[PDB]
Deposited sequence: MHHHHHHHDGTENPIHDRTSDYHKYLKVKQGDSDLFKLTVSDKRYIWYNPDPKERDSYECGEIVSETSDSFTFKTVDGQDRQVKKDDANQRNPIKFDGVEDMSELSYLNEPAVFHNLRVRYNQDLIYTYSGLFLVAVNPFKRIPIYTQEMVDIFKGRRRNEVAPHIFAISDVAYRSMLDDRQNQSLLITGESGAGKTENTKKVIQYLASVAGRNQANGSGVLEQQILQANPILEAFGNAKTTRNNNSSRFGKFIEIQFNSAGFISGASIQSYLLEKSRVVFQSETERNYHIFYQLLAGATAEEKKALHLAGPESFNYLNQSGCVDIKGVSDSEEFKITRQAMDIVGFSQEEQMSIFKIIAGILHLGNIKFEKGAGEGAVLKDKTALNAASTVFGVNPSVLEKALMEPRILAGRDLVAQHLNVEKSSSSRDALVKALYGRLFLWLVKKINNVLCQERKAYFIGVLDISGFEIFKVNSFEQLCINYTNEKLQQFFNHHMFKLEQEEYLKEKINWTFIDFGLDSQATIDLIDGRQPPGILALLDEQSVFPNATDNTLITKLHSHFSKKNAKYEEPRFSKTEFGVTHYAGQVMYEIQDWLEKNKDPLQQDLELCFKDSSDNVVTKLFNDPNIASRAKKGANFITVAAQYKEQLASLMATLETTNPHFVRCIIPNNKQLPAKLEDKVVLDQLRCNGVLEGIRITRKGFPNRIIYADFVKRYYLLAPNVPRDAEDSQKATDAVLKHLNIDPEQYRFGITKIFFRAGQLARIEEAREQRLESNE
């Protein structure tokens, strides 16, 4: 039995190897709430603690705001819910104790938390794989394999699709753990020797460098940030063999193509192409350095420390070779990327009149060449599009025409992104599936210095997914209480998120997105009109809304992860998404095979179209979110949280400020908040008696009636009866009660 043999590798790499004072976690600087020091408690009141700081000073904290340290027996628990003092620095502390012993996987209730070790740990060998084949969560130690295996067994046993919601930015090990999930499924889903899903495993993983190049960018927070969300399906036939894979992509931050904030970058692919292309490629596409393109030079950043964009281009090209893109398709792909940049170098100049003119036509001709369109047709389609009056030319002014040029750049880039996913799906999905195990990968919760419409949609997606988690926790907790016949009554945890979701997207009262859709069609609405309408509806009316005293262009939303303030500039223009038909007819006529598909395929083109009208981005956004949540509610969900230990790519250096910030955003701390309100610590009686038979007189270590023996210990210790409940198999304890009993045990054996 490797699981029970303590000489085994399983116990060496996945299990834990092992004073009287009381300490408390505290913040030396209260403004830095995630940086903690340990302090000794010295005095005690009815309402407070007094503790010594590391420098020897004395401090008072009210007992209701104190983050007590857990007794050492709690150090290394496989589930955070096993901690008695369940608070933020105590949870981080448990993570540190396990990280320094190379235990990178820890449960937090339903969550599997995975911290990137920045070093190879030998826990993914085939012997390891064998350990987890067929095992349930509580039979083995925390491991990504355990989540994969539980999901696989339930898929066949319940004949139900499964979802795996996973969070983590570049550097947290999310890509690695997703690859581990795929390879574990592939290992057990096939025959032990003759499984034949080797090519598909290669193509799924090689799909990632491609969408990373076109969909990831450098933000102020991360060098490789996913500006789109995706759902990856591991598909199975009815017998449980891997049958294929699919990728579903959600809205992309196409506004990033035309605009980047200071010190940020456009999507990687532009810098890869300009840096990695051959001399004959550059001339053919009329390329220059990033400095020479307005779409790449407005930010002051064109390179990433320690990232070679030419080397990255060869990796992306190689990836495209592998997933099936032909040389003709790859060259058309970069013609489009090259064309987009050329489009952005067009300078529309103010003519002597209302309409705009184009003095220099160099950029227009360079774009028409690589796109395969007629420069004159494009020129008029941009500056003099035709509308209807039972077709009427309409001369446009400068920014009216620059904005339509931008709209073409966004539509071109966005449709190209959808086409890449469709092409990758072509080699990944060649069989109708029976079941799927789906990996959800959305842009994580975001707080920039200036947060705009995109951030409200991103954080709203996380807000609804955190509620999805909270409701699932609720039903599993109810199941646990009645199976134990614990008389405790809690309301649905999902409803704590409901105020914030109603504020963003409710129907009556109308939420922010509905008020935005309304203002977008009101003739003379501005952004000032929009935010005023927002304040009128919500300031001092929705409890999660805030009208700031300081600024007149910002509104605040209180998410599960904290408060975020959104600047309202350009929300109406961002919500409106037109493309003039003259532009679309001009590119339907193109001589390039890939470009034509972008405007002729009713799936790539005609995306969220509405009978000769384009719907709003908020409308497009709600459509995708509602369909995702519908798919998700049919599945059995599992949750994985990937964490960056630090920002220095360093092994064995876990930093509280870095880690804690992520656990707030990814929902783990929200789950902690709910767990600590109830009865987290649940002990089988015989175990409680065995540990604490010596705190009460005349209690045998192995009592026949442990229920009675536990009541003896609790009564003798004068434990507050409000702090525990008696189950049929276990005793339920409130936060802190088990720690005090543990302390009492320490002192008594201290004295011995």
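Stretches of the deposited sequence left without coordinates are 1 to 12, 31 to 40, 413 to 414, 777, in sequence order.
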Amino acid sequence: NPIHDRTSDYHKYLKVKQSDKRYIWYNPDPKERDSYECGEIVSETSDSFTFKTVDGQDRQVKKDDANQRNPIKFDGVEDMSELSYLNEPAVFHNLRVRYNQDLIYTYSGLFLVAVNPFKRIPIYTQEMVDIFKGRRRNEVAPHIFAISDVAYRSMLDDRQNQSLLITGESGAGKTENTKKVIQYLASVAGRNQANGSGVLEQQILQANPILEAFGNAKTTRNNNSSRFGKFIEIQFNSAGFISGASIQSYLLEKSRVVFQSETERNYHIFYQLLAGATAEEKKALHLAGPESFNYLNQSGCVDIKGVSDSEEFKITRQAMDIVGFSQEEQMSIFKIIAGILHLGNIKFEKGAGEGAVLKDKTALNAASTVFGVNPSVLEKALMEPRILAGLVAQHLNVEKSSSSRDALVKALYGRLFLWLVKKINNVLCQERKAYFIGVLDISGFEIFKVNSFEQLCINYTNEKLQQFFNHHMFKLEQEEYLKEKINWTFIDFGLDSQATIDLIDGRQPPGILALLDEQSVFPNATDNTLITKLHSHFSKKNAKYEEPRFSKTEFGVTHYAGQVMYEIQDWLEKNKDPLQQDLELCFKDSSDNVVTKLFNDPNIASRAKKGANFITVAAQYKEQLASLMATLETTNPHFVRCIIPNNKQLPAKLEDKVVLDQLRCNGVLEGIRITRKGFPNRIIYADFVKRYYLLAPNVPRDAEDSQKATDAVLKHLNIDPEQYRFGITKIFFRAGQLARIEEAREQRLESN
From here on, numbers count along this sequence of modelled residues.
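Between 548 to 556 and 188 to 196, the higher mean Cα B-factor belongs to 188 to 196. Looking at mean Cα B-factors across 150 to 158 and 292 to 300, the upper value is held by 292 to 300.
The residue among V77, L95, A605, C642 whose C-alpha atom has the highest B-factor in the PDB entry is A605. Taking the PDB entry at face value, the top CA B factor among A279, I674, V129, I333 belongs to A279.
Among the modelled residues of the chain, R682 sits in the middle third by CA temperature factor in this PDB entry. Among the modelled residues of its chain, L516 has a C-alpha B-factor that falls in the highest third according to the deposited record. In the PDB entry, a CA B factor belonging to the lowest third of its chain's modelled residues is recorded for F733. Among the modelled residues of the chain, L378 sits in the highest third by CA temperature factor in this PDB entry. For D441, the recorded CA temperature factor ranks within the lowest third of the chain's modelled residues.
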